[PDB]
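In mature numbering (1 follows the signal peptide of the UniProt record, and there is no 0), the protein residues as written are 9 to 54.
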């Protein structure tokens, strides 16, 4: 019958399992591709 010591286990128990493991790699690849776009910026002459 605890209303706070047990809460800390709840977060661990409920950390977050739902496509977060495989899904995290998919978003990471999108960020590297945006970096290549800067090369076209040379045409801007800035």
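Idealized CB from N, CA, C, for every residue including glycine.
For residue 34, the three-state DSSP class (helix, strand or coil): Taking the chain shown and counting its residues from 1, one reaches residue 34 at position 26. DSSP places residue 34 within a helical segment (H, G or I) once states are collapsed to three.
DSSP-derived helix/strand/coil call for residue 27: Along the chain shown, one-based indexing puts residue 27 at 19. DSSP places residue 27 in coil when its eight states are reduced to three.
Straight-line Cα distance separating residue 44 from residue 51: As a first step, residue 51 must be located in the chain shown, where it is residue number 43. As a first step, residue 44 must be located in the chain shown, where it is residue number 36. Straight-line measurement puts the Cα of residue 44 at about 14 Å from the Cα of residue 51.
Alpha-carbon to alpha-carbon, residue 18 and residue 37: As a position in the chain shown, residue 37 is number 29, starting the count at 1. As a position in the chain shown, residue 18 is number 10, starting the count at 1. Within the model, the alpha-carbon separation for residue 37 versus residue 18 is close to 32 Å.
Limits of the alpha helix (DSSP H) - the one that residue 19 falls within: Start at 1 with the first residue of the chain shown, and residue 19 comes out as number 11. From DSSP, the alpha helix (DSSP H) with residue 19 extends over 13 to 21.
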